[PDB]
Amino acid sequence: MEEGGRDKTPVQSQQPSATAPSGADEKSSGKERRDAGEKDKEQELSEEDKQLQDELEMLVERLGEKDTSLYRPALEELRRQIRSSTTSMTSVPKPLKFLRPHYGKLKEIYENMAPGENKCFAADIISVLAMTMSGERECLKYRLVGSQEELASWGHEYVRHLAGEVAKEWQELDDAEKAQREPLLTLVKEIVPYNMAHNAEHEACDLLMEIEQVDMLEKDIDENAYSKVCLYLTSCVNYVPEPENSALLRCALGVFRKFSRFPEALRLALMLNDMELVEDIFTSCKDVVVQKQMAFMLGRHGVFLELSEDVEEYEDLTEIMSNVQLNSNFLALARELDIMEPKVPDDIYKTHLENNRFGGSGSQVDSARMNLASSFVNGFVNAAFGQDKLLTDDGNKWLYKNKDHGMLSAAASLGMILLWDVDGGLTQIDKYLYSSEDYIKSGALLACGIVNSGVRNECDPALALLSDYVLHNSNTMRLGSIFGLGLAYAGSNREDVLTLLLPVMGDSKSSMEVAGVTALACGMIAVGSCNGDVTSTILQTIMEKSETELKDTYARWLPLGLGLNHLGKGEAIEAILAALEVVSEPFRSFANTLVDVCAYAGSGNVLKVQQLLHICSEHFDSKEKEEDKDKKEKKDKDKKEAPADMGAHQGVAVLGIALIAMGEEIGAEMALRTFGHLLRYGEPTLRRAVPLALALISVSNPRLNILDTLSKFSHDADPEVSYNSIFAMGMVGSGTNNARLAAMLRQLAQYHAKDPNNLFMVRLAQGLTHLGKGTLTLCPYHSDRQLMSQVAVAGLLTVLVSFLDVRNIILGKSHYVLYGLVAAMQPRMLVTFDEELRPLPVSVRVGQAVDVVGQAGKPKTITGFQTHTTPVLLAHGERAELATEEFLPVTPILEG
Amino acid sequence: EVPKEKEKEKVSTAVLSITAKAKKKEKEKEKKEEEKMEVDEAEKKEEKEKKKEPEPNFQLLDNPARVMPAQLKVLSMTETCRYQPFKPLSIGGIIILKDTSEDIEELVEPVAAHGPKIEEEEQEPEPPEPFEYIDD
Amino acid sequence: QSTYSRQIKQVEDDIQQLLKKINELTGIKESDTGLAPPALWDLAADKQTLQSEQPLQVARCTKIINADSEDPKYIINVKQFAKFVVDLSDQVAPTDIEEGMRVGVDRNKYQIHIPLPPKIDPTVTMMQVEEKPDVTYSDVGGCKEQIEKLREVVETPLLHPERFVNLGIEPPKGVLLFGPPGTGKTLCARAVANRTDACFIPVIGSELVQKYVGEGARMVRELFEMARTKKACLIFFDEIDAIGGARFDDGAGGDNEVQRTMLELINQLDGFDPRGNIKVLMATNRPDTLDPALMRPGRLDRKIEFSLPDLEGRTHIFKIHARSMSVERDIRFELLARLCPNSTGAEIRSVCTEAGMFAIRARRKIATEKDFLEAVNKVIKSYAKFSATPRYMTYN
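How each quantity is defined
Residues numbered from 1 in each chain as written, not as in the entry; some residues may be left out. Chains lettered and ligands numbered in written order. Part of a larger assembly, values for the part shown. Heavy atoms only, no water. Helix = DSSP H or I, 4+ residues; strand = E, 2+ residues; numbered from the N terminus. Buried < 20%, exposed > 50% of the residue type's maximum accessible area, 1.4 Å probe, protein only. Contact = heavy atoms within 4.5 Å. Areas by Shrake-Rupley, 256 points an atom, 1.4 Å probe, with all protein chains shown as cover. Rg over C-alpha atoms; globule rule 2.2 N^0.38 Å. Core = buried A, V, L, I, M, F, W, Y, C linked by side-chain atoms within 4.5 Å. Polar contact = N/O pair within 3.5 Å; in protein donor to acceptor, adjacent residues only side chain to side chain. Salt bridge = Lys/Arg side-chain N within 4 Å of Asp/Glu carboxyl O. Patch = residues over 30% accessible without salt bridge, like charges linked within 9 Å, V, L, I, M, F, W, Y side chains within 5 Å. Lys, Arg positive; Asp, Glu negative; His and termini not counted. Charge placed at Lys NZ, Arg CZ, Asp CG, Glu CD. Pairing = 2+ DSSP bridges. Buried area = accessible area lost by both parts, 1.4 Å probe. Nonpolar A, V, L, I, M, F, W, Y, C, P; charged D, E, K, R; others polar. Axes fitted to C-alpha atoms, helices over the stretch in contact; angles between N-to-C directions. Parallel < 35°, antiparallel > 145°, perpendicular 65-115°, else oblique. Expected span 1.5 Å × (residues − 1). Bend = angle between axes of the 7 residues up to and from the residue.

In the PDB header, cryo-EM is given as the technique by which the entry was determined, and 11.8 Å as its resolution.

Set out below in structure tokens:
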């Protein structure tokens, strides 16, 4: 306790000195306030100087003591004295050194109270001192790392001195870039990623990165600290408004891409949706890092890693932009291009077809409605592609024999099965065009666009074939060219693509249900980039809504397409907007709220508020009911804020569907269908248990359509032991029969629930995060808010493509194979500072590879600690790859 | 008071409270840097008038009288002073000589029709109304 | 600090105001709905309500008469013990009616709107049963020949009836699991039931027998009947040692209650009706106790001994257990197997467990070979005395 004590020379009496200001100090409080002003400066220096030495020693000594509740209020009262006339009024040379332990008084307060309000307050006061000290702060942190007399508290507390910088009340470049951020990051994964996100001190970190990597390797775990900063930025959307926020997301993306660790960079880029960002990722990483590393390879890989929707490499706005970036990046032109090109990811898929086989039971059962239903099932068993190639190649049996709508639909779906072929899918398409009715021929055009996508980078692309097709008069053939063009590219800002859409899309209502899909397809082209727009989609949408909205499926696509087209930034949009504004409808009003979100280039704070002053659960006939269901789900929102924040959001989304259902008698049936699509988009925390639980109740309850939607997501794990669960679910599907109409919905449900052994389920997020975004899934969802299904309706549902490429193991540095890798198993979870959690290996052996599956294999990790390396790419295999970063141009990892 | 007239006021009152409270409560601003508070609750109520008393009157019993010494004048064929019976001291006040009607019959003043001599003095006109004959 | 303090007080306060909503919306009394599946469930129940189903008092058909009033007439006796002469409704379809089965009649006008589901007379038996859970073969010890033999019996005919019929052989009903405990008789029974993917009914031998004489006859009788009606049943009669014992009487209570369950199972199985769609699996540690009726085939077609394993088999229990663990593969699985022979499945898992105990004290996350060696020499010497096997194997 003893009063004063920082006025007594022994190092022992420093420890009671810290407690002492609670009563008051004998000389020490008066020395700093009263005596400093009252008495002359030269005379004071004697008194002060003896006090300085102790005060300094005491700082390491206080940290050495363990109290924070006796320690905290006592040093805080003393703090007021220093501020009065010992801050910089005393003399010019003496205060700078006196401010150094002063910093210490405040730090304990900064640390203990870990809220955001204390963080702020604490910062305002600390920043002014920093400027006064003029670099005494960097040295102070250095002594702390050493520990003269410290041994615990200083690890959380010293980070807080860095936290103080953010405010910049008077601090220009007097400590804002480099002040030992790099030791501070390495030890503490918590407090620094917050400080780092706001400051844009993160820029300096790029310079540092080589050095930092050394600590990252196996001395410390820095890898965890980097992974953390992304978590805070996505969460920061709610904290601080989106217009303030957009610059912050943009700033972190530059630094993340440059620094080698790509997965954090992709999450931000994906959210922004612009043209500029994608090219940059390749070139930045190369120039800062002088060694080849993982860094060159990352520019390719980041494209691969990213999971948006549909065709391989996903967004493929980035892949079309890459063709000359690839040239600059150079780790070999020929190699880099061949792997980057979809031929390599296609090639591995083919090899996989032999082991995979087909695990369901096929059917191509000739003639009747049975034929038409059967054609659908073929695609459904895989839920993508597998070894169906054999069945599909015979044209004669299924396709030609199909009657009416069944021919178009079967023919339409055929391209989605054959995706993950470069050629030999194509031959089948070319033949079908020739034969039979207009319907097979029309569905074939769309099919060509998807198959051809297996090779691009100006190596025989999708555009060339589709352009000729676009002219066709028939509404079905037109739809096939434009829908194939949005599906294949799934992002485009090439001139040729945009100009082709420009005079077509003259449709606004047609007998054919599938014609509404044209709007979605034009919006699809916009995604992933800034605006050039295509006039026709924008003009037709408002017109369509007033004109027809009776066909619910038709109606859903046109406003959605309108918002998606707007997405991004530019002045091209300004011109068409004037034309759109002159007309004002109640109908246009909902479309407009989606546009606000779109316009800004991804929102999540603006989006949030809008979902409270909602269009949700609102109708007058089906006038406001167009966007109402889609909005309620708030799937886009859930995924957008951290993987951690997602858990909660997901429970709320479910709750919300339940809420829409109570309100409207009609909405109840829809709310059941909505759950399969919601779950499917979302990448939920409540993953296995929930769809199955509903599915059983739904057998007993009327409406077979409920089972059919529920089944897409419920298929879950693919057989390793999951066979028992699939077969039981399947048994319930089979047993039921009471009509053909009833039977068609069940038949599809049985075969979808089943999966061939070691294939994969659905994914829409990148597989190290829950952030994603598709546009592909909005289509099946829209046409399955009806009662029952039709032959027409069935054709849209057949696609569920946005599924994995078959690599989930060693993307590697000179590998790129299907072949496995050493893995170890841990039941452990100790982390909360990883992108989706990844544990540390104990290096104990288990069967090769992490699961090719879209779930599972998440705690099963890579071993790269008998390699003495650190993984950039975290182990998961939800879509993830096990690759590691070395200084070396190649990973010298072991195989098995 | 008429039910229909008051029904309008209640309805108006209820719509403003419910509509404003609906938006105010749902909005999110506390977490935001805007801080107008995530919840704000909105209640508005009405009031009805109460019995009016302009300038004091003296109230004794159930009231078969009720007076004040400070006078106002009121017109004839316009008793809006709705008298209690047995007040002679308030009708004509204590006998008039400020008016055309001058008392020549003193403090006889029934609470019903008092019309003494109108020929003694003239301080104001006196329209005849044939209206009572018409009714007749 | 301030911002968080504010948010806590506020959120809580909001729940108080919200209280009207909490009850309707979430549940916990006064509407327990979310109105996606209840809107449907309620709707269908309403039509019933309105006419004469609800209040539906449980009753049962004692006899079918044609006396007094209409040609269809039934005498139902309610569970207050008064009989009533009732009618029959077509107002909603009767679907589960059988003489002696529970049927439902109304208290306002006593007529059968709907019969109660098949043989739900014991509600007590039905609740406890698990239905086919998933047990991984990374904890169902060993590879072994012992595991494989049971499967041919249990799994193959249920999985495929196709084969048996084609040849014209009758399909498996019976298997006897006998051998001393800790050899995972329960453990395997569960695993293969899910593998087959047929309904799993486990039942405890002790629960069959209950206080009064002939109460035990009601539960067993009705359980076997319930099993037959459903599609594919396996009744795994669990662990009957003295809850299965041979017929005798002591004149104080006797073996009467025990034999009662036993005898009931005999009467419906052989009966004048044969075993229905019911497969039976027996777990006994004592065949020495059992009645001569049970031991002969027609519910015990093949006897298979799942007992203490062989020398090669003990090595396989180590390998399966290691997969579950995250301990070294530089620990020789074999060395452990030789060091403790004559050890059951349970004992090999205690070795792993022990190895871990030494390990926690030392403050290691990973078990060592040092801990392991020590754990087997303690098991061979000490554990043998306590072990179940000398007395159970003599009965087996």
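From this point, the narrative continues.
### Remarks on the overall build of chain C
Scanning chain C from N- to C-terminus turns up 15 helices and 10 strands. Each of the three principal axes of chain C carries a C-alpha extent, and together these read 85 × 80 × 55 Å. The buried share of chain C, taken over its 396 residues, is 42%. Taking all contacts inside chain C whose residues are at least 6 apart in sequence as the whole, residues at least 24 apart take part in 67%. Roughly 21500 Å² of accessible area belongs to chain C as shown, and the carbon and sulfur atoms make up 56% of that amount.

### Some words on the overall build of chain B
Scanning chain B for helices and strands turns up 2 helices and 2 strands. Ordered by position from N to C terminus, the α and β elements of chain B give α-β-β-α. Against the compact-globule benchmark of 14 Å for 136 residues, chain B has a radius of gyration of 29 Å, which places it well outside the compact range. When the backbone C-alpha atoms are referred to their principal axes, chain B occupies close to 90 × 40 × 30 Å. The 136 residues of chain B split such that 15% are buried. Of all intrachain contacts in chain B linking residues separated by at least 6 positions in sequence, the fraction that spans at least 24 positions is 22%. For chain B, the accessible area works out to roughly 11900 Å², and carbon and sulfur atoms hold 57% of it.

### Here's the deal with helix α41 (residues 705-714) of chain A
All names here are of chain A. Within α41, 10 of the 10 residues are buried, leaving the element largely enclosed by the surrounding structure. Considered for burial, the residues of α41 that qualify are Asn705, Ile706, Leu707, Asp708, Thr709, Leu710, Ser711, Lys712, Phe713 and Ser714. Considering only its buried residues, α41 is in contact with α21 (369-382), α39 (667-682), α40 (689-700), α42 (723-735), α43 (740-753) and α45 (791-797). Phi turns positive one or two residues past the end of α41, at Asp716, with a value near 55 degrees.

### Quick notes on the nonpolar core
All names here are of chain A. One finds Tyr349, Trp420, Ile429 and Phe483 to be the most contacted residues of the largest nonpolar core, which totals 105 residues. Residue contacts for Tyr349: discarding those within four places in its chain leaves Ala384, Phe385, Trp420, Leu759, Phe760, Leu804, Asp805 and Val806. Ranked by size, the runner-up nonpolar core spans 56 residues in total, among them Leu59, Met216, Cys230 and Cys236.

### Here we look at the side chain of A:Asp630
All names here are of chain A. Relative to the elements of secondary structure, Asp630 occurs in helix α36 (residues 628-632). Polar contacts involving the side chain of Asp630 include one to the side chain of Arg785, which spans 3.0 Å. Ignoring sequence-local partners within four residues, the contact set of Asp630 consists of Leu560, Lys635, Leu778, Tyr781, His782 and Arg785.

### So, the pattern of salt bridges
Inspection of the entire model under this criterion finds 55 salt bridges over all chains. As a salt-bridge pair, A:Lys635 and A:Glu633 come within 3.2 Å of each other at their nearest N and O atoms. Close ionic contact of C:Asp291 with C:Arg247 constitutes a salt bridge, the shortest N to O distance being 3.2 Å. Placement of C:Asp291 in the loop between β9 (278-284) and α10 (292-295) and of C:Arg247 in the loop between β8 (233-238) and α9 (256-270) is noted, with a sequence separation of 44 residues between them. Each of A:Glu683, A:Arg687, A:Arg763, A:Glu836, A:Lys858 and A:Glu878 takes part in a single network of salt bridges with overlapping partners.

### Structural notes on a negative patch on the surface
All names here are of chain B. Residues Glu119, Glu122, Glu124 and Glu126 make up a contiguous surface patch of negative charge. In this fold, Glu119 is placed in the loop between β2 (66-67) and α2 (131-135). By relative accessible area, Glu119 is classed as exposed at 69%.

### Focus: the environment of C:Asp121
All names here are of chain C. Following the sequence through the fold, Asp121 ends up in the loop between β5 (111-112) and α3 (124-128). Each C-alpha atom of the pair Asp121 and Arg102 lies 7.3 Å from the other, and the pair is 19 residues apart in sequence. For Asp121, the contacting residues outside a window of four places in its chain are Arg102 and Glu222.

### Observations regarding the pairing of strand β4 (residues 102-106) of chain C
Residues and elements named next belong to chain C. Judged by how many residues are buried, β4 sits mostly within the fold: 5 of 5 residues are covered. Summarising the sheet, strand β1 (residues 56-65) and β4 pair through 5 bridges and their orientation is antiparallel. Residue pairing across strands places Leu56 opposite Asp106, the latter belonging to β4.

### A look at the interface of chain A and chain C
Contacts between chain A and chain C engage 27 residues on the former and 30 residues on the latter. Here chain A meets chain C over a buried area of about 2200 Å², counting both sides, of which 64% is carbon and sulfur. Its largest share of buried area at the contact with chain C, chain A owes to A:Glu117, A:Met662 and A:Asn724, together 25% of the area lost on that side. Across the contact surface, chain A and chain C share 0 salt bridges. Linking chain A to chain C there are 3 residue pairs in polar contact. Breaking the side of chain A that touches chain C down by element, the ones donating at least two residues are α6 (116-133), α38 (643-663), α39 and α42 of chain A. Tallied by class, residues from the side of chain A that touches chain C come to 16 nonpolar, 6 polar and 5 charged.

### Focus: the interface of chain C and chain B
At the junction of the two partners, chain C supplies 6 residues and chain B supplies 7 residues. Interface of chain C and chain B: buried area, both sides summed, is about 530 Å²; carbon and sulfur atoms make up 31% of it. When the buried area of chain C at its contact with chain B is split by residue, C:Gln7, C:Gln10 and C:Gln17 rank highest and sum to 68% of it. If you look at where chain C meets chain B, you find 0 salt bridges. Seen at the junction of chain C and chain B, the total is 3 residue pairs in polar contact. Residue composition of the side of chain C that touches chain B, grouped by class: no nonpolar, 4 polar and 2 charged.

### Observations concerning the packing of α42(A) against α43(A)
All names here are of chain A. Two numbers describe how α42 lies on α43: the axes approach to 9 Å, and their chain directions differ by 170 degrees. Considering their axes alone, α42 and α43 lie roughly antiparallel with respect to each other. When α42 is examined against α43, the residues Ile726, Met729, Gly730, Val732, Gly733 and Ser734 are found in contact with a partner set consisting of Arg746, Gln750 and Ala753. The residue inventory of the contact of α42 with α43, partitioned by class, reads 4 nonpolar, 4 polar and 1 charged.

### Here we look at the sheet that holds strand β7 (residues 199-204) of chain C
Residue and element names in this part refer to chain C. Taken together, the 5 strands give an open sheet; going across it, the order is β7-β8-β9-β6-β10, and neighbouring strands pair in parallel fashion. Sheet topology places β7 and β10 (302-305) at the edges, where each strand pairs with a single neighbour. Neighbouring strand axes in the sheet, compared pairwise and without regard to direction, differ in orientation by 20 degrees on average. Relative to β9, strand β6 (residues 174-178) runs parallel, the two sharing 5 bridges. Opposite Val175, over in β9, you have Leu281 as the bridge partner. Each of β6, β8, β9 and β10 touches helix α4 (residues 145-159); the most contacted strand, β10, lies at about 145 degrees to it.

### Some points on α38(A)
Residues and elements named next belong to chain A. The end-to-end C-alpha distance of α38, which contains 21 residues, comes to 31 Å, matching closely the 30 Å that a straight helix rising 1.5 Å per residue would cover. The largest bend along α38 measures about 25 degrees and falls at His649. Each element contacted by the buried residues of α38 is listed here: α12 (223-239), α14 (263-272), α36, α37 (635-640) and α39.

### A closer look at the side chain of A:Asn382
Examined against the element boundaries, A:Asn382 turns out to sit in helix α21. Beyond its immediate sequence surroundings of up to four residues, A:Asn382 is in contact with A:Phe358, A:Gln387, A:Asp388, A:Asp755, A:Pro756, A:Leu759, A:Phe760 and A:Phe803.

### Focus on the pairing of β1(C)
As a general feature of sheets, a regular strand has side chains that alternate between the two faces. Where β1(C) and strand β2 (residues 73-78) of chain C come together, 6 bridges link them in antiparallel fashion. Looking at β2(C), one finds that C:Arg60 is bridged to C:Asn77.

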